[PDB]
Amino acid sequence: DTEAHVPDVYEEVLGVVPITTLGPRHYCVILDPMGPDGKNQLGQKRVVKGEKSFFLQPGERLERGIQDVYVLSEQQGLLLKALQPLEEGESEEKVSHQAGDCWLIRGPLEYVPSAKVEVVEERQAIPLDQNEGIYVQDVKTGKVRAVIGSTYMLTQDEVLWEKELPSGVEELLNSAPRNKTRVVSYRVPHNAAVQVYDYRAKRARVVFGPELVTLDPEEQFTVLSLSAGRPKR
Amino acid sequence: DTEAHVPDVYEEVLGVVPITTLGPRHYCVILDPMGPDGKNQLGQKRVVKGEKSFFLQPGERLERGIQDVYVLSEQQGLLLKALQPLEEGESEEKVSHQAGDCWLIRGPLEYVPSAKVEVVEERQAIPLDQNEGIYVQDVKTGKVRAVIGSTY
Amino acid sequence: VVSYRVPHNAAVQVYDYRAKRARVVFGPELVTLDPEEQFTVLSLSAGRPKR
């Protein structure tokens with residue numbers, strides 16, 4: 001229709017404008033969304049995602065206005081998400097997560113956060129040179145390892161792990177704030193050797209030659225207090 | 001209905017807002033929660049979880065407003081709780097607990113403290129390197145040991 | 001847990017007091033002290049004239 005207001009002195013509340021969602025990239029959450037009862041589901045929430053013309057029924061509101069679909073950072077773009085309530089085979093994974101048991105989805109997909117899922121970290125995978133790396137610690141295991149060589153994204157249970165020696169920082173930068181999670185590595189000069197001891201593994205290693213060494217999570221550089229002066233201090 | 005006020009000069013106390021609890025995460029405790037009597041259960045307390053529209057009956061009141069369901073810190077998020085009165089097979093574990101005899105539930109689960117329970121510690125497990133740890137003391141034993149290697 | 005990187009050419013002495021376990025740890029390895037055990041300490045001479 002296009003019907004006359006005050007059909008019998010009735011309150012025009014407003015002319016409501018239809019929220020419309022951009023096919024190729026738009027979604028949203030409506031709160032108090034009415035199911036069959038024609039009346040609001042007060043606590044609940046509904047996500048709608050495609051191209052749609054949408055009228056917010058009375059007592060519906062939009063949670064976060066008009067959010068656009070996550071389309072990942074791709075080769076390396078990551079979302080990490082917990083889950084408010086328990087739910088199985090519900091997400092676009094058709095796999096079971098227990099309430100809270102958070103996880104990550106990455107790769108070449110577009111994501112709409114499910115009703116029951118919450119986007120924790122918008123993770124970004126770190127590009128790594130053939131010969132450089134980062135330390136990760138497994139929150140779950142406690143396991144602190146060095147990931148070196150290729151670019152990496154930290155698995156759901158991982159996070160970056162820092163370290164450094166009390167003076168070694170200076171002979172290394174031989175400054176910008178030294179990044180404590182980037183794998184410590186040092187170019188051993190042509191006619192030199194450096195003595196490294198792994199402390200967690202109890203692996204001694206003396207690396208000679210012109211090669212570079214990189215220190216595994218626990219291992220330390222041996223330092224040397226050498227004399228030098230014209231009068232030799 | 002939508003009934004006319006003062007049906008025969010009667011006192012409206014107020015319009016009561018329908019306290020509503022969020023399905024995925026909200027719960028709460030009502031105090032003086034009237035049961036079958038149609039009349040308040042004065043000393044007591046009713047817990048209510050899940051999605052619900054609620055109208056607090058006259059002489060009800062929410063103990064702690066509109067609290068939200070615990071869902072743990074997960075691989076490593078912990079809740080330690082004591083109990084007011086004794087209760088057996090009453091926990092969601094269907095496990096017997098003696099009054100006071102406090103205990104913890106951790107892991108990947110969402111929790112609502114039972115009417116007869118109270119959340120002692122919101123414990124959080126410590127991440128520990130392959131080669132470092134902490135000293136825990138067993139209050140029961142008095143035993144003090146070294147817990148080293150993993151997260152605890 | 002108290003731990004200590006024993007330097008390459010050193011050894012530290014530790015005694016466990018609760019268990020009565022003596023231990024001298026050599027090498028470049030690191031020691032971590034159990035609840036009761038203690039580091040033997042040393043009061044050494046140092047100066048040019050040797051205090």
# chains A, B, ... in the order shown; residues from 1 in each chain; ligands from 1
$ residues_around --residues "residue C:18" --least-positions-apart "4" --cutoff "12 Å" --atoms "only C-alpha atoms" --output "short mmCIF file (atom, residue, chain, number, x, y, z; two decimals) with C-alpha atoms, in the first residue's frame"
data_model
loop_
_atom_site.label_atom_id
_atom_site.label_comp_id
_atom_site.auth_asym_id
_atom_site.auth_seq_id
_atom_site.Cartn_x
_atom_site.Cartn_y
_atom_site.Cartn_z
CA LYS B 143 54.58 -30.01 50.62
CA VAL B 144 56.58 -27.44 48.67
CA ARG B 145 57.85 -28.71 45.34
CA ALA C 22 74.83 -32.53 48.11
CA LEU C 33 67.38 -24.67 43.01
CA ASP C 34 64.85 -27.02 44.52
CA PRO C 35 62.55 -25.58 47.27
CA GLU C 36 65.14 -25.91 50.03
CA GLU C 37 68.58 -26.26 48.42
CA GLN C 38 71.08 -23.42 48.63
#
$ interface_residues --of "chain A" --to "chain C" --cutoff "12 Å" --atoms "only C-alpha atoms" --output "JSON, numbers by chain"
{"A": [165, 195, 196, 197, 198, 199, 200, 201, 202, 203, 204, 205, 218, 219, 220, 221, 222, 223, 224]}
$ write_last_selection --atoms "N, CA and C atoms" --output "PDB file, in the first residue's frame"
ATOM      1  N   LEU A 165      70.487 -11.285  26.219  1.00  0.00           N
ATOM      2  CA  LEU A 165      71.589 -11.298  27.204  1.00  0.00           C
ATOM      3  C   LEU A 165      71.886  -9.893  27.727  1.00  0.00           C
ATOM      4  N   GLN A 195      81.696 -19.204  20.796  1.00  0.00           N
ATOM      5  CA  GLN A 195      81.277 -20.351  21.602  1.00  0.00           C
ATOM      6  C   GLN A 195      79.869 -20.199  22.177  1.00  0.00           C
ATOM      7  N   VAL A 196      78.969 -21.048  21.712  1.00  0.00           N
ATOM      8  CA  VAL A 196      77.588 -20.992  22.128  1.00  0.00           C
ATOM      9  C   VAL A 196      77.289 -22.232  22.950  1.00  0.00           C
ATOM     10  N   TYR A 197      76.565 -22.071  24.055  1.00  0.00           N
ATOM     11  CA  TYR A 197      76.054 -23.232  24.778  1.00  0.00           C
ATOM     12  C   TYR A 197      74.556 -23.176  24.836  1.00  0.00           C
ATOM     13  N   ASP A 198      73.911 -24.243  24.384  1.00  0.00           N
ATOM     14  CA  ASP A 198      72.483 -24.378  24.573  1.00  0.00           C
ATOM     15  C   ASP A 198      72.252 -24.733  26.026  1.00  0.00           C
ATOM     16  N   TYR A 199      71.368 -23.986  26.677  1.00  0.00           N
ATOM     17  CA  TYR A 199      71.143 -24.178  28.104  1.00  0.00           C
ATOM     18  C   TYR A 199      70.002 -25.144  28.424  1.00  0.00           C
ATOM     19  N   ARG A 200      68.917 -25.088  27.653  1.00  0.00           N
ATOM     20  CA  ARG A 200      67.831 -26.057  27.825  1.00  0.00           C
ATOM     21  C   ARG A 200      68.227 -27.472  27.378  1.00  0.00           C
ATOM     22  N   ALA A 201      69.060 -27.567  26.344  1.00  0.00           N
ATOM     23  CA  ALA A 201      69.412 -28.856  25.759  1.00  0.00           C
ATOM     24  C   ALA A 201      70.722 -29.415  26.294  1.00  0.00           C
ATOM     25  N   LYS A 202      71.533 -28.545  26.887  1.00  0.00           N
ATOM     26  CA  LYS A 202      72.882 -28.904  27.323  1.00  0.00           C
ATOM     27  C   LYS A 202      73.755 -29.310  26.132  1.00  0.00           C
ATOM     28  N   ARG A 203      73.547 -28.611  25.012  1.00  0.00           N
ATOM     29  CA  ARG A 203      74.320 -28.774  23.766  1.00  0.00           C
ATOM     30  C   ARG A 203      75.381 -27.670  23.662  1.00  0.00           C
ATOM     31  N   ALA A 204      76.646 -28.023  23.860  1.00  0.00           N
ATOM     32  CA  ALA A 204      77.726 -27.086  23.572  1.00  0.00           C
ATOM     33  C   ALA A 204      77.917 -27.064  22.069  1.00  0.00           C
ATOM     34  N   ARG A 205      78.290 -25.906  21.538  1.00  0.00           N
ATOM     35  CA  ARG A 205      78.635 -25.780  20.123  1.00  0.00           C
ATOM     36  C   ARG A 205      79.602 -24.622  19.912  1.00  0.00           C
ATOM     37  N   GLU A 218      67.026 -20.988  24.233  1.00  0.00           N
ATOM     38  CA  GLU A 218      67.764 -20.862  25.485  1.00  0.00           C
ATOM     39  C   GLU A 218      69.250 -20.588  25.353  1.00  0.00           C
ATOM     40  N   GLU A 219      69.873 -21.040  24.267  1.00  0.00           N
ATOM     41  CA  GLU A 219      71.334 -20.944  24.165  1.00  0.00           C
ATOM     42  C   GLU A 219      71.914 -19.536  24.196  1.00  0.00           C
ATOM     43  N   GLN A 220      73.120 -19.456  24.751  1.00  0.00           N
ATOM     44  CA  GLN A 220      73.782 -18.198  25.035  1.00  0.00           C
ATOM     45  C   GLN A 220      75.116 -18.045  24.342  1.00  0.00           C
ATOM     46  N   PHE A 221      75.441 -16.793  24.051  1.00  0.00           N
ATOM     47  CA  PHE A 221      76.754 -16.459  23.566  1.00  0.00           C
ATOM     48  C   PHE A 221      77.719 -16.405  24.720  1.00  0.00           C
ATOM     49  N   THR A 222      78.861 -17.041  24.520  1.00  0.00           N
ATOM     50  CA  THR A 222      79.979 -16.860  25.401  1.00  0.00           C
ATOM     51  C   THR A 222      80.523 -15.463  25.102  1.00  0.00           C
ATOM     52  N   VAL A 223      80.860 -14.728  26.152  1.00  0.00           N
ATOM     53  CA  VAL A 223      81.400 -13.389  26.007  1.00  0.00           C
ATOM     54  C   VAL A 223      82.875 -13.486  26.354  1.00  0.00           C
ATOM     55  N   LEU A 224      83.667 -12.504  25.939  1.00  0.00           N
ATOM     56  CA  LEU A 224      85.095 -12.489  26.270  1.00  0.00           C
ATOM     57  C   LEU A 224      85.590 -11.143  26.801  1.00  0.00           C
TER      58      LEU A 224
END
$ select_by_dssp --residues "stretch 42-134 of chain A" --states "strand (DSSP E)" --output "JSON, numbers by chain"
{"A": [45, 46, 47, 48, 52, 53, 54, 61, 62, 70, 71, 78, 79, 80, 81, 82, 83, 103, 104, 105, 106, 110, 111, 117, 118, 119, 120, 121, 133, 134]}
$ write_last_selection --atoms "C-alpha atoms" --output "tab-separated table (two decimals), in the first residue's frame"
chain	number	residue	atom	x	y	z
A	45	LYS	CA	20.92	-11.84	17.76
A	46	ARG	CA	20.72	-12.67	14.03
A	47	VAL	CA	23.46	-12.30	11.41
A	48	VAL	CA	22.51	-11.59	7.79
A	52	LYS	CA	19.60	-7.90	0.79
A	53	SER	CA	17.16	-5.11	1.22
A	54	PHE	CA	16.32	-5.22	4.88
A	61	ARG	CA	18.55	-2.61	16.16
A	62	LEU	CA	21.85	-3.16	14.35
A	70	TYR	CA	35.98	-10.35	6.56
A	71	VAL	CA	37.95	-11.23	3.47
A	78	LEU	CA	44.44	-14.66	9.79
A	79	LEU	CA	41.50	-14.46	12.17
A	80	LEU	CA	41.62	-16.05	15.60
A	81	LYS	CA	38.38	-16.52	17.46
A	82	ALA	CA	36.90	-17.81	20.71
A	83	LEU	CA	33.29	-18.85	21.09
A	103	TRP	CA	41.04	-21.27	17.26
A	104	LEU	CA	42.23	-19.69	13.99
A	105	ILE	CA	41.10	-19.67	10.37
A	106	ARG	CA	43.45	-18.26	7.75
A	110	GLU	CA	36.02	-14.71	3.26
A	111	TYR	CA	34.57	-15.00	6.82
A	117	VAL	CA	31.86	-16.70	17.64
A	118	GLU	CA	34.01	-13.71	18.54
A	119	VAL	CA	36.95	-12.43	16.53
A	120	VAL	CA	39.90	-12.22	18.99
A	121	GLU	CA	42.96	-11.38	16.93
A	133	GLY	CA	63.20	-16.05	12.05
A	134	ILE	CA	61.09	-15.50	15.17
$ interface_residues --of "chain A" --to "chain B" --cutoff "7 Å" --atoms "only C-alpha atoms" --output "ChimeraX atom specification"
/A:42-44,84-85,98-101,116,139-144,200
$ select_by_dssp --residues "stretch 79-198 of chain A" --states "helix (DSSP H, G or I)" --output "PyMOL selection string"
chain A and resi 168-172
$ write_last_selection --atoms "N, CA, C and O atoms" --output "PDB file, in the first residue's frame"
ATOM      1  N   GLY A 168      75.280  -8.539  25.682  1.00  0.00           N
ATOM      2  CA  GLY A 168      75.341  -9.018  24.302  1.00  0.00           C
ATOM      3  C   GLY A 168      74.650  -8.150  23.266  1.00  0.00           C
ATOM      4  O   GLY A 168      75.024  -8.181  22.093  1.00  0.00           O
ATOM      5  N   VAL A 169      73.658  -7.367  23.695  1.00  0.00           N
ATOM      6  CA  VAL A 169      72.894  -6.500  22.781  1.00  0.00           C
ATOM      7  C   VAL A 169      73.814  -5.567  21.988  1.00  0.00           C
ATOM      8  O   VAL A 169      73.588  -5.340  20.801  1.00  0.00           O
ATOM      9  N   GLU A 170      74.855  -5.055  22.641  1.00  0.00           N
ATOM     10  CA  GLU A 170      75.735  -4.057  22.028  1.00  0.00           C
ATOM     11  C   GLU A 170      76.696  -4.626  20.993  1.00  0.00           C
ATOM     12  O   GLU A 170      76.848  -4.057  19.915  1.00  0.00           O
ATOM     13  N   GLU A 171      77.347  -5.740  21.321  1.00  0.00           N
ATOM     14  CA  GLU A 171      78.278  -6.386  20.387  1.00  0.00           C
ATOM     15  C   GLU A 171      77.531  -6.972  19.202  1.00  0.00           C
ATOM     16  O   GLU A 171      78.101  -7.151  18.125  1.00  0.00           O
ATOM     17  N   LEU A 172      76.251  -7.256  19.405  1.00  0.00           N
ATOM     18  CA  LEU A 172      75.403  -7.666  18.309  1.00  0.00           C
ATOM     19  C   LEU A 172      75.149  -6.532  17.317  1.00  0.00           C
ATOM     20  O   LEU A 172      75.375  -6.700  16.113  1.00  0.00           O
TER      21      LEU A 172
END
$ atom_distance --atom1 "atom CA of residue A:37" --atom2 "atom CA of residue B:54"
16.9 Å
$ closest_residue --among "C:46, C:10, C:1, C:25" --to "chain B" --atoms "only C-alpha atoms"
C:1
$ residues_around --residues "residue B:46" --least-positions-apart "6" --cutoff "6 Å" --atoms "only C-alpha atoms" --output "VMD selection string"
chain B and resid 29 to 30 33
$ residues_around --residues "stretch 64-68 of chain A" --least-positions-apart "6" --cutoff "6 Å" --atoms "only C-alpha atoms" --output "PyMOL selection string"
chain A and resi 25-28
$ write_last_selection --atoms "N, CA and C atoms" --output "PDB file, in the first residue's frame"
ATOM      1  N   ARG A  25      30.415  -7.710  -0.238  1.00  0.00           N
ATOM      2  CA  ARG A  25      31.205  -7.516   0.990  1.00  0.00           C
ATOM      3  C   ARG A  25      30.507  -7.135   2.309  1.00  0.00           C
ATOM      4  N   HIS A  26      29.179  -7.073   2.359  1.00  0.00           N
ATOM      5  CA  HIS A  26      28.536  -6.545   3.573  1.00  0.00           C
ATOM      6  C   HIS A  26      27.681  -7.520   4.382  1.00  0.00           C
ATOM      7  N   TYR A  27      27.811  -7.449   5.707  1.00  0.00           N
ATOM      8  CA  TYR A  27      26.958  -8.196   6.635  1.00  0.00           C
ATOM      9  C   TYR A  27      26.641  -7.359   7.873  1.00  0.00           C
ATOM     10  N   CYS A  28      25.927  -7.950   8.826  1.00  0.00           N
ATOM     11  CA  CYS A  28      25.598  -7.269  10.082  1.00  0.00           C
ATOM     12  C   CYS A  28      24.890  -8.193  11.068  1.00  0.00           C
TER      13      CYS A  28
END
$ residues_around --residues "residue B:104" --least-positions-apart "2" --cutoff "12 Å" --atoms "only C-alpha atoms" --output "compact mmCIF listing (two decimals) with N, CA and C atoms, in the first residue's frame"
# COMPACT_ATOMS: atom_id res chain seq x y z
N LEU B 72 35.37 -20.41 30.55
CA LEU B 72 36.71 -20.38 31.14
C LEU B 72 37.80 -19.71 30.29
N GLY B 77 42.32 -21.61 31.71
CA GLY B 77 41.57 -20.69 32.53
C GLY B 77 40.82 -21.49 33.57
N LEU B 78 40.84 -20.99 34.79
CA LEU B 78 40.46 -21.80 35.94
C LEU B 78 39.47 -21.07 36.87
N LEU B 79 38.57 -21.84 37.47
CA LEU B 79 37.73 -21.33 38.54
C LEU B 79 37.84 -22.25 39.74
N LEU B 80 38.11 -21.64 40.89
CA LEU B 80 38.24 -22.33 42.16
C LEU B 80 37.08 -21.87 43.01
N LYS B 81 36.27 -22.79 43.51
CA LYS B 81 35.10 -22.37 44.30
C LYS B 81 34.81 -23.22 45.54
N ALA B 82 34.40 -22.54 46.61
CA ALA B 82 33.91 -23.16 47.83
C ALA B 82 32.41 -23.22 47.74
N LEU B 83 31.80 -23.91 48.70
CA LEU B 83 30.35 -24.02 48.76
C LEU B 83 29.81 -23.56 50.12
N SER B 91 26.38 -30.72 41.41
CA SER B 91 27.24 -30.06 40.42
C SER B 91 26.95 -30.63 39.02
N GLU B 93 29.05 -31.76 37.18
CA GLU B 93 29.91 -32.93 37.17
C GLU B 93 29.16 -34.15 37.72
N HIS B 97 30.00 -32.87 46.94
CA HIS B 97 30.85 -31.91 47.67
C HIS B 97 30.35 -31.59 49.08
N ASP B 101 34.34 -27.71 51.58
CA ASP B 101 35.30 -28.53 50.80
C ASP B 101 35.52 -28.02 49.37
N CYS B 102 36.29 -26.94 49.23
CA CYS B 102 36.39 -26.22 47.95
C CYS B 102 37.28 -26.90 46.91
N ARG B 106 38.49 -26.24 35.57
CA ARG B 106 39.14 -25.51 34.50
C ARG B 106 38.83 -26.21 33.18
N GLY B 107 39.55 -25.83 32.13
CA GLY B 107 39.40 -26.47 30.83
C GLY B 107 38.47 -25.69 29.92
N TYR B 111 30.59 -21.91 32.50
CA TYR B 111 30.13 -22.21 33.86
C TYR B 111 29.14 -21.19 34.41
N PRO B 113 27.86 -20.47 38.41
CA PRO B 113 27.94 -20.85 39.81
C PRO B 113 26.57 -21.21 40.37
N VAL B 117 27.02 -22.38 45.63
CA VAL B 117 28.48 -22.26 45.39
C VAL B 117 28.89 -20.80 45.20
N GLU B 118 30.16 -20.50 45.43
CA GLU B 118 30.68 -19.15 45.29
C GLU B 118 32.10 -19.18 44.77
N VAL B 119 32.37 -18.30 43.82
CA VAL B 119 33.59 -18.31 43.02
C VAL B 119 34.78 -17.76 43.80
N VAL B 120 35.55 -18.65 44.42
CA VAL B 120 36.71 -18.24 45.22
C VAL B 120 37.75 -17.52 44.38
N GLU B 121 38.51 -18.28 43.59
CA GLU B 121 39.58 -17.72 42.78
C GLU B 121 39.24 -17.85 41.29
N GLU B 122 39.51 -16.78 40.56
CA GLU B 122 39.49 -16.82 39.11
C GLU B 122 40.92 -17.11 38.63
N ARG B 123 41.32 -18.38 38.74
CA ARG B 123 42.70 -18.81 38.52
C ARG B 123 43.09 -18.83 37.03
N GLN B 124 44.37 -18.60 36.76
CA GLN B 124 44.89 -18.49 35.39
C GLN B 124 46.23 -19.19 35.36
$ atom_distance --atom1 "atom CA of residue B:65" --atom2 "atom CA of residue A:97"
29.8 Å
$ closest_residue --among "B:137, B:40, B:114, B:2" --to "chain C" --atoms "only C-alpha atoms"
B:137
$ atom_distance --atom1 "atom CA of residue A:130" --atom2 "atom CA of residue A:152"
11.7 Å
